[PDB]
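Shown next as structure tokens:
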């Protein structure tokens, strides 16, 4: 199918099966590419979900979302998988992807419509470093950022180029002021290599390196995987 | 002058250091030298909200020559980093540059002016306040009822002093030559302060 075609095209060596826990943190388990066959797609892998926050459960791959990984030098193909209960062979009750599929099927069953379109724009922060601890002794979340508005007099390895965005004034500065143009371009390139149809990227309102990369829309489960 | 002496040396004794400039801090309260004026006459109190008409004329003289008084009671480019600016008087209001404390005795009735700052020379500031009050009393200047504001920069305060020195040069209390020399000194001082780069300008305009 799709995954086999990509494996043949790019000589993929590893298959990375990815799912999502309740907390929303993506989980991945790797496997050799030589094990991909009919039985891999009809049975899936198995793993112990007991230590996942929220026993044995089947990782059933979804071949419609096979996409190359642009970070690993070894060519690895990423496959987003569903969680199947071995007792019932149906989608897991607590699997967020299964819940999203159930929601889209409910939408197409009530007759209101089909293929609900979700386009999310999430914003993120770029920091040079970050430190945080919290124990009986004390707590702290010190934050380090060369482009931060509070570093106007700091000492940097290389120099303090005093061009930096002020607080609540980092919205659309030119590259001399925003230190994140090239890294945002690299993020956009990686997203495109992962099949994401990006549409805009810029510096957000915040100082200390807030960026946004808006990408194109899709259906419920497709957009969840895309996010 | 003795108070400044003692405070400075006692600070030095413990290794600390006292400053008397009105505003050594931004983002926090400055320091002001409030002045309580109370003219007496043959042992009685002239200023007896309980203020006689003469006290109101004194306040009117202070109000009328407020910017010209700012050349002596506020002879500092710090003084206008602190500016109690509204040149009005009240007995309880905290937004008036002139206040009348709730004295418990009719003998101790006095007015308080809040714009002067400790950086002012005591002799010159006190003489300027008294001369303005005397002018207002002699000319029967009614202050009104409980709007002008004091100056906002030493440049305009010096300009107003140059244009309103007339009441000081009454009876020879202030010589015109002394006022001219004082104005030239303060003008060179203000010029020195004004034409020097501010780090806030590096905060604002460095990238633009």
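Protein chains in written order, with the numbering used here: chain X, 1 to 227; chain P, 1001 to 1208.
For every residue, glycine included, the Cβ atom is placed at its ideal position computed from N, Cα and C.
Excluding residues up to 5 positions away in sequence, 1076, 1078 and 1119 lie with their Cβ nearer than 7 Å to the Cβ of residue 1021(P) in the same chain.
In the three-state reduction of the DSSP assignment, residue 139(X) falls in the strand class. A direct Cα-Cα distance of roughly 45 Å separates residue 1144(P) from residue 1009(P).
Looking at the DSSP output, residue 82(X) shares a beta bridge with 60(X). Closest in C-alpha terms to residue 1092(P), from the list 1086(P), 1085(P) and 1102(P), comes 1102(P).
Around the Cβ of residue 1088(P), a 10 Å sphere holds 16 or more other Cβ atoms; the residue is buried. Taking a 10 Å sphere around the C-beta of residue 10(X), we find fewer than 16 other C-beta atoms and assign the residue as exposed.
Just measuring C-alpha positions, the residue of 195(X), 172(X) and 77(X) sitting nearest residue 203(X) is 172(X). Taking 8 Å as the upper bound for CB-CB distance, residue 35(X) and residue 78(X) are not in contact here, some 16 Å apart.
Contact note: residue 1206(P) reaches chain X through 162 and 163, using a C-beta cutoff of 8 Å and chain order.
Chain order gives the chain X residues near residue 1202(P) as 152 and 162, where near means a beta carbon separation below 9 Å.
Under the three-state reduction of DSSP output, residue 1058(P) falls in the helix class.
For residue 1015(P) and residue 1006(P), the gap between their C-alpha atoms comes out near 14 Å. Close partners of residue 177(X) in chain P (Cβ separation under 8 Å): 1207. In the structure shown, the three-state DSSP call for residue 3(X) is helix. Annotation for residue 1164(P): the continuous alpha helix (DSSP H) segment containing it runs 1154-1164.
Per DSSP, the unbroken beta strand (DSSP E) holding residue 31(X) starts and ends at 26-32. For residue 1206(P) and residue 1193(P), the gap between their C-alpha atoms comes out near 20 Å. When the Cα atoms are used, residue 1113(P) and residue 1058(P) turn out to be separated by approximately 11 Å. Three or more pairs of CB atoms, one per stretch, sit closer than 8 Å, so the stretch 1128-1140 of chain P contacts the stretch 1044-1060 of chain P. If you compare the alpha carbons of 1189(P), 1128(P), 1053(P) and 1122(P) with that of residue 1003(P), the shortest gap goes to 1122(P).
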